[PDB]
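So the protein sequences, as listed, match chains K, o, I, a, j, R, S, Z, b and c.
Heads up, the first sequence stops at 60 in the entry's author numbering, and the numbers go up one at a time, no gaps.
Heads up, the second sequence stops at 102 in the entry's author numbering, and the numbers go up one at a time, no gaps.
Heads up, the third sequence stops at 53 in the entry's author numbering, and the numbers go up one at a time, no gaps.
Heads up, the fourth sequence stops at 142 in the entry's author numbering, and the numbers go up one at a time, no gaps.
Heads up, the fifth sequence stops at 62 in the entry's author numbering, and the numbers go up one at a time, no gaps.
Heads up, the sixth sequence stops at 149 in the entry's author numbering, and the numbers go up one at a time, no gaps.
Heads up, the seventh sequence stops at 204 in the entry's author numbering, and the numbers go up one at a time, no gaps.
Heads up, the eighth sequence stops at 154 in the entry's author numbering, and the numbers go up one at a time, no gaps.
Heads up, the ninth sequence stops at 149 in the entry's author numbering, and the numbers go up one at a time, no gaps.
Heads up, the tenth sequence stops at 319 in the entry's author numbering, and the numbers go up one at a time, no gaps.
This report refers to the structure that appears directly beneath it.
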Amino acid sequence: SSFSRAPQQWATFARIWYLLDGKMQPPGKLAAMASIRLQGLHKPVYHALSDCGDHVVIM
Amino acid sequence: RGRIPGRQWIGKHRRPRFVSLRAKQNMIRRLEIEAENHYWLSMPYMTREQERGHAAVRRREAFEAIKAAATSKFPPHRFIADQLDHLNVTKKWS
Amino acid sequence: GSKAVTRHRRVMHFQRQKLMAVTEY
Amino acid sequence: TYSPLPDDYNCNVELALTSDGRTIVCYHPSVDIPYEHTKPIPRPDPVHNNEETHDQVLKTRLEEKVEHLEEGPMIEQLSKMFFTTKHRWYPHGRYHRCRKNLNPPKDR
Amino acid sequence: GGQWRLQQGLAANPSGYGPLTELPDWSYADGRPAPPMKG
Amino acid sequence: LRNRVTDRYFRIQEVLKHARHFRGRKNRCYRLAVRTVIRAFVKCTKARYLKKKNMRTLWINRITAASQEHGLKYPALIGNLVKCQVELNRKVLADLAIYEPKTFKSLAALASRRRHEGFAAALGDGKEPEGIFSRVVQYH
Amino acid sequence: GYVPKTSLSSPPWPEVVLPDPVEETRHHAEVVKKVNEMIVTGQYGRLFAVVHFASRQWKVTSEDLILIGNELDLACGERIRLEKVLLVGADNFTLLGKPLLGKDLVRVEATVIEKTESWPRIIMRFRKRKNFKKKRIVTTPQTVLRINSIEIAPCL
Amino acid sequence: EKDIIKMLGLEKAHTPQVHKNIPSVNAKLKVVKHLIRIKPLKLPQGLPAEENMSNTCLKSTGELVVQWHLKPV
Amino acid sequence: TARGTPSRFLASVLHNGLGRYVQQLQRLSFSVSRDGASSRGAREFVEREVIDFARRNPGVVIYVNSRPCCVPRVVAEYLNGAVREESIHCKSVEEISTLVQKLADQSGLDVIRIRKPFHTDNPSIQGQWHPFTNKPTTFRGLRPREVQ
Amino acid sequence: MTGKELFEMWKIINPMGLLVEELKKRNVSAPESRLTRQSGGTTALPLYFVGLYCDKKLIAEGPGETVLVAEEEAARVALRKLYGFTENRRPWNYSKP
Ligand SMILES: [Mg+2]
Numbered sequence: 002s003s004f005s006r007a008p009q010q011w012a013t014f015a016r017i018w019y020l021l022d023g024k025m026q027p028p029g030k031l032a033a034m035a036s037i038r039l040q041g042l043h044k045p046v047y048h049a050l051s052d053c054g055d056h057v058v059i060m
Numbered sequence: 009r010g011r012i013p014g015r016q017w018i019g020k021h022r023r024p025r026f027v028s029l030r031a032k033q034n035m036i037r038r039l040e041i042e043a044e045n046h047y048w049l050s051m052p053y054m055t056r057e058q059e060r061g062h063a064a065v066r067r068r069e070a071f072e073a074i075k076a077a078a079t080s081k082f083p084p085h086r087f088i089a090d091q092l093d094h095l096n097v098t099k100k101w102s
Numbered sequence: 029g030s031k032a033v034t035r036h037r038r039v040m041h042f043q044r045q046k047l048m049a050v051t052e053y
Numbered sequence: 035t036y037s038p039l040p041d042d043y044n045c046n047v048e049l050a051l052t053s054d055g056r057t058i059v060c061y062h063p064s065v066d067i068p069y070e071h072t073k074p075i076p077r078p079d080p081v082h083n084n085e086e087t088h089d090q091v092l093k094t095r096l097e098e099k100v101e102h103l104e105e106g107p108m109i110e111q112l113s114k115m116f117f118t119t120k121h122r123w124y125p126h127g128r129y130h131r132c133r134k135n136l137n138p139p140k141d142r
Numbered sequence: 024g025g026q027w028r029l030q031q032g033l034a035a036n037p038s039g040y041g042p043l044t045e046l047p048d049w050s051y052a053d054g055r056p057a058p059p060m061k062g
Numbered sequence: 010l011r012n013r014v015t016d017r018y019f020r021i022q023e024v025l026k027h028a029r030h031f032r033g034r035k036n037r038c039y040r041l042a043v044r045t046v047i048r049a050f051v052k053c054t055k056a057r058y059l060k061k062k063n064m065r066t067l068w069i070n071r072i073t074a075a076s077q078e079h080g081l082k083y084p085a086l087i088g089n090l091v092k093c094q095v096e097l098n099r100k101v102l103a104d105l106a107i108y109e110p111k112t113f114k115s116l117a118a119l120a121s122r123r124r125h126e127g128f129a130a131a132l133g134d135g136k137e138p139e140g141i142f143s144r145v146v147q148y149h
Numbered sequence: 049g050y051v052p053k054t055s056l057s058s059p060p061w062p063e064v065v066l067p068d069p070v071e072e073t074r075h076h077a078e079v080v081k082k083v084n085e086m087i088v089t090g091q092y093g094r095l096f097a098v099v100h101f102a103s104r105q106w107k108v109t110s111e112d113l114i115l116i117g118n119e120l121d122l123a124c125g126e127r128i129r130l131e132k133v134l135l136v137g138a139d140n141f142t143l144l145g146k147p148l149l150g151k152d153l154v155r156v157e158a159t160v161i162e163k164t165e166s167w168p169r170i171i172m173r174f175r176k177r178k179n180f181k182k183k184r185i186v187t188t189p190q191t192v193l194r195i196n197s198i199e200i201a202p203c204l
Numbered sequence: 082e083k084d085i086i087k088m089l090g091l092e093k094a095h096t097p098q099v100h101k102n103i104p105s106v107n108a109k110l111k112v113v114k115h116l117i118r119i120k121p122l123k124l125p126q127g128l129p130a131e132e133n134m135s136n137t138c139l140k141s142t143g144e145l146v147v148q149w150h151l152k153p154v
Numbered sequence: 002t003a004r005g006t007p008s009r010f011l012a013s014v015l016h017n018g019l020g021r022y023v024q025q026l027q028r029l030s031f032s033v034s035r036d037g038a039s040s041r042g043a044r045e046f047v048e049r050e051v052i053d054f055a056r057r058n059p060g061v062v063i064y065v066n067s068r069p070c071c072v073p074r075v076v077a078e079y080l081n082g083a084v085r086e087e088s089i090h091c092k093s094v095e096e097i098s099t100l101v102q103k104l105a106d107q108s109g110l111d112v113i114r115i116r117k118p119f120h121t122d123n124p125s126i127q128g129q130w131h132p133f134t135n136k137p138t139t140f141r142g143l144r145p146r147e148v149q
Numbered sequence: 223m224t225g226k227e228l229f230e231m232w233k234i235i236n237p238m239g240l241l242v243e244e245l246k247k248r249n250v251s252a253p254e255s256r257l258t259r260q261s262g263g264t265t266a267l268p269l270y271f272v273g274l275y276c277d278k279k280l281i282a283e284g285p286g287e288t289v290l291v292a293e294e295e296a297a298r299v300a301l302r303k304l305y306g307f308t309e310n311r312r313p314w315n316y317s318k319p
């Protein structure tokens, strides 16, 4: 990588959007993954005080 | 909406606690371990009639040692060295 | 404290219930 | 062939085992990004401020980006732009600001 | 979980009995053996 | 009065020095500051197990998130790591998943291969190969 | 033995096959030979290791700092050689495995610097309506260590 | 049961202890079988001699090995 | 508690383990009274072991003011400039020896909270993880729900 | 110098100029920038990844909030990789011969 400090931090802690399509899909399984990705239970840098929440767009 | 009477664990009308699967598996494994213990405890060696006094000498020696250790209680010795070197509290550059 | 024989079924102890549930047909 | 993990993202791992039987050796070379998986960077060259009479009119118009609001609409705009809650844009009491560590220790 | 190691003969707790506890942790750089701990 | 108290203020200061960052009258009223400091010290002493449990749960959650991002699960990963004669606690696994992704991906691949070999041995009741990466080392 | 393809006939997971064991061993031998060649030719840099010292698994890398909760009965200024290496590797290659690595593979060198205790911790007990109150101050000794460099030998 | 456990030398949990195989200890173990675990003790080799005292191990599954080392096979 | 006392980080003063190790302790100003029953340990120390303690490490200077006081104290200054003053009021020779040995072994850092006992300068080796890790790239980086 | 970044002690102005000069000194044509990954282009917190390609071959990559800072970071990474002063270099051997 050989990155600096501010660009490395901006690349690490950043908001990532997601697209979750519906159509013949149960709402529970979609809501579970949506909340998992909103809380941050999909990244190793998960922390309650880090505020690593992403964006989930369910259509 | 559903209200429980006085104390859900003691009394007459109580909240019933049931069994799941973890408790069943624990009971099964404990019963298996206890059956294994029963099997391993189903074979003697001396058949009682061959141990009228094989290790009584060791018990007697241990009892005599305990008696000698319990009957040898006495206050510790008192020397003059402590009373003499206690005078070093007010020691100067000597 | 209740008696040994009553009309309201009387739920058994937790250990007794576990034993009866693990030793079924 | 067989592969435990798809060798098309992040890294390319290759599992192996030493013939001695006391250590595990694994060789995983880095994976780059090909040229067919990139897009050209757009260059927004917008220019709609020059004319024929004057030349510094664009420099004068460049100093026309100013807007004033109160507190409600400002906090609402901040919340709708940063996707946050309006409760974080309000000030804080002095008791919660005097106890703030102005010179915290720094690592690395 | 450590129940699988009970069938091989390495007990169930890796922090005791094995090459991770009875083995000396540190040692000198020249080659002198380190004194074993009291445990 | 004979040989009464002449150093009570020092005890008051010694008690209040632990209550210099509280809200309300607890930082000034000694009668309440005593109870406040007592409860604070009791909670600070009892929260060690809570801190340990929180750190362990955070490590477990990080490992689970990393395993889900790579393409596996947490119980299967833990089982395959404990069945490969490699002793790595949760802290080093989380540190690798956060900083060193290549070795973590290699560990995930090894775990998947060990799980596949175990499934093959269970379906074949093994007999002859029993897994290339298996073969436990006997220490006498 | 033939079953029609329905919803519960085939398992949900894909059927995974295993390659030839001889070919797998040959590939493993080729990979470890390439790794030995890359190690002996010098194409690595900035390596880390997981040393199990004082029952604590650290991320022992180049130029780092660790702290234990006891003493080592050593003077400040002596080099310490750490063993119990279970994982090591610089870039593009890592080494593992069965309980430990070999003693001639990884050679970790540490050095003791500072020997200080700890901050005065507080251990307090209390019970309600029982006149029960205990208090202590525990100051445990600690030892600061610093790992210099980590060498590796191409004796695979 | 507490008295039997304290007299059999089983204060701490998960602590091994070896007794005889006589009807007395048999009954003492049958009393607290619902509290402890009974497992036999076998010897793969011979009894530890005077020189093989500081080098011994209990091992798992009850196998009192006379020669315990820290080197693999 | 930790919320009432300041904290710091675990680091070296000038990287002693990398290059060469130097002695952090500099001066040791002892104040032993001439007459009294509260400095007997310090007197016996200066009589029997201060020469050995001075000859053990030449980088530490020992000052004996010998001022007639009541509470024997010791001043220990380090390279960073920290001055830790402790009292050896009514202590044995072994206790004072252990205390001065612990003072000579430690540096000038504070005895407050450690805060993270492990410290590294190069934490990232194989690239620091980012949200785009373990995600394959599509053809020409085309975003989903597009036409081209 | 342990743990410190290279350009923090150098403090250059135009990394692209020195990069293309070093490339011309290494018999290289001219680098061109391509957008590798991106996330959020209309929000207040954008993220981009610009990858420098030389003769259809990637050499480095640099993140950033916009495109200019991303290209600057990519050029800095490429220039540090061409000089051999990276984070995976050999640490200084503090020993005696
Ligand atoms: Mg009620």
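Just so you know, even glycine gets a beta-carbon here, dropped at the ideal spot from N, CA and C.
Can you find a CB in chain K that lies within less than 8 Å of the CB of R:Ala85? The residue labelled residue 85 of chain R in the question sits at position 76 within the sixth sequence. So no, R:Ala85 is outside the interface.
Near a:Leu39, which residues of its chain fall below 8 Å by C-beta distance, leaving aside the five closest residues on each side in sequence? In the fourth sequence, residue 39 of chain a corresponds to position 5, counting from 1. Excluding sequence neighbours, a:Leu39 sits near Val47.
How long is the line joining the alpha carbons of c:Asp277 and c:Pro253, rounded to whole angstroms? Counting from one through the tenth sequence, the residue named residue 277 of chain c turns up at place 55. Counting from one through the tenth sequence, the residue named residue 253 of chain c turns up at place 31. Looking at the two C-alpha atoms, the distance is approximately 8 Å.
Same chain only: Cβ atoms within 8 Å of I:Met40, ignoring 5 sequence neighbours per side: In the third sequence, the residue the question calls residue 40 of chain I occupies position 12. Cβ neighbours of I:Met40 beyond the five flanking positions: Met48.
Please report whether the beta-carbon of c:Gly262 lies at a distance below 8 Å from any beta-carbon of chain K. The count along the tenth sequence starts at 1 and reaches residue 262 of chain c at position 40. Yes, its Cβ sits closer than 8 Å to a Cβ of chain K.
S:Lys182 and S:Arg169: beta carbons closer than 8 Å? Counted from its first residue, the seventh sequence places residue 182 of chain S at position 134. Counted from its first residue, the seventh sequence places residue 169 of chain S at position 121. Cβ atoms of S:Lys182 and S:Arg169: not closer than 8 Å.
Inter-stretch contact (C-beta, 8 Å, three-pair minimum) for the region 40 to 54 of chain b and the region 86 to 96 of chain b: yes
Which of helix, strand or coil DSSP assigns to S:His100: Against the seventh sequence, residue 100 of chain S aligns to sequence position 52. Note: S:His100 maps to strand in three-state DSSP.
Across which residues does DSSP place Z:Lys101 in a beta bridge pair? Here residue 101 of chain Z refers to the residue found at position 20 of the eighth sequence. Z:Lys101 is not bridged to any residue.
To be precise: take each residue of the region 59 to 71 of chain R, compare its Cβ to all Cβ atoms of chain K, and keep it if any distance is under 9 Å. Which residues remain? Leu67, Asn70 and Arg71
What residues of chain a sit near b:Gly142, judged by a beta carbon separation below 9 Å? The residue labelled residue 142 of chain b in the question sits at position 141 within the ninth sequence. Near b:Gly142 (Cβ distances below 9 Å), the residues of chain a are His71, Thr72 and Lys73.
In chain order, what are the residue ranges of uninterrupted alpha helix (DSSP H) at least 4 long that sit wholly in the region 33 to 98 of chain R? 39 to 79 and 83 to 91
On the CB-based measure, 16 or more other CB atoms within 10 Å of its CB, does R:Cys93 come out buried or exposed? Counted from its first residue, the sixth sequence places residue 93 of chain R at position 84. R:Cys93 is buried by the Cβ-count criterion.
If R:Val145 and j:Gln31 are in contact, beta carbons under 8 Å, what's the gap, nearest whole angstrom? Translated into the one-based positions of the sixth sequence, residue 145 of chain R becomes position 136. Translated into the one-based positions of the fifth sequence, residue 31 of chain j becomes position 8. With 8 Å as the limit, R:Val145 and j:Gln31 qualify as a contact, their Cβ atoms being about 5 Å apart.
Test item: CB-CB of K:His43 and R:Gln22 under 8 Å: Counted from its first residue, the first sequence places residue 43 of chain K at position 42. Counted from its first residue, the sixth sequence places residue 22 of chain R at position 13. No.
Kindly identify the DSSP beta-bridge partner or partners of b:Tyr64. As a position in the ninth sequence, residue 64 of chain b is number 63, starting the count at 1. Paired residue(s): b:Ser30.
For c:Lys318, which three-state DSSP category applies? The residue given as residue 318 of chain c occupies position 96 in the tenth sequence. Reduced to three states, the DSSP call for c:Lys318 is coil.
Of all the residues that make up the region 88 to 109 of chain b, which are near chain S by a beta-carbon distance shorter than 8 Å? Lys103, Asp106, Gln107 and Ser108
Report yes if the C-beta distance between Z:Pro125 and Z:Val146 is below 8 Å; otherwise report no. In the eighth sequence, the residue the question calls residue 125 of chain Z occupies position 44. In the eighth sequence, the residue the question calls residue 146 of chain Z occupies position 65. For Z:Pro125 and Z:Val146, yes; Cβs fall inside 8 Å.
Among j:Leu29, j:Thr44, j:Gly24 and j:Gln26, which has the Cα closest to the Cα of S:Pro147? On the seventh sequence, residue 147 of chain S is found 99 positions in, with the first residue counted as 1. Checked all of j:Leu29, j:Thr44, j:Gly24 and j:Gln26; the closest Cα to S:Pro147 is j:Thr44.
Beta-carbon contacts of a:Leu112 that lie in its chain and below 6 Å, excluding the five residues immediately before and after: As a working mapping, residue 112 of chain a is identified with position 78 in the fourth sequence. Around a:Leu112: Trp123.
Just the C-alpha distance for K:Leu50 and K:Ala15, rounded to the nearest angstrom, thanks. Position 49 of the first sequence holds residue 50 of chain K. Position 14 of the first sequence holds residue 15 of chain K. So the alpha carbons of these two residues sit roughly 15 Å apart.
Under 8 Å between C-beta atoms, does K:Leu21 make it to chain R? As a working mapping, residue 21 of chain K is identified with position 20 in the first sequence. Chain R contact via Cβ: absent.
Validate contact between the region 97 to 116 of chain R and the region 65 to 84 of chain R using beta carbons, cut 8 Å, 3 pairs: yes
Would the C-beta of j:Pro37 count as close to ligand 1, meaning under 7 Å from any of its heavy atoms? Residue mapping note: residue 37 of chain j aligns to position 14 of the fifth sequence, counting from 1. Not so, every heavy atom of ligand 1 lies at least 7 Å from the Cβ.
Along the region 66 to 94 of chain S, where does the CB come closer than 9 Å to a CB of chain R? Name the residues. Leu66, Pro69, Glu72, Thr73 and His76
Burial state of S:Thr159 (16 or more Cβ within 10 Å): Working through the seventh sequence from its first residue, we reach residue 159 of chain S at position 111. When all chains shown are included, S:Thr159 counts as buried.
Going by Cα to Cα distance, which pick from R:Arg37, R:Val24 and R:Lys52 is closest to S:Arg175? One-based indexing of the seventh sequence puts residue 175 of chain S at position 127. When each option's Cα is compared against that of S:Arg175, the closest is R:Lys52.
In terms of DSSP beta bridges, what is S:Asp112 paired with? As a working note, residue 112 of chain S is residue 64 in the seventh sequence. DSSP, once it has assigned bridges, lists b:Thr121 as partnering S:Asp112.
Name the residue from S:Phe180, S:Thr142, S:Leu120 and S:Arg194 whose alpha carbon lies nearest to the alpha carbon of a:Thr52. By 1-based counting over the fourth sequence, the position of residue 52 of chain a is 18. Cα-wise, what sits closest to a:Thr52 is S:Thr142.
Output the residue ranges of the beta strand (DSSP E) runs that lie fully inside the region 253 to 312 of chain c and measure 3 residues or longer, sorted by chain position. 254 to 261, 269 to 275 and 280 to 286
Could you name the residues that DSSP lists as bridge partners for j:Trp27? The sequence position of residue 27 of chain j within the fifth sequence is 4, counting from 1. According to DSSP, which records beta bridges pairwise, j:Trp27 is partnered with nothing at all.
Can you check which of these residues, Z:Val99, Z:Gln148, Z:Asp84 and Z:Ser105, is closest to Z:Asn133 by C-alpha distance? As a working mapping, residue 133 of chain Z is identified with position 52 in the eighth sequence. Closest option to Z:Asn133, Cα to Cα, is Z:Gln148.
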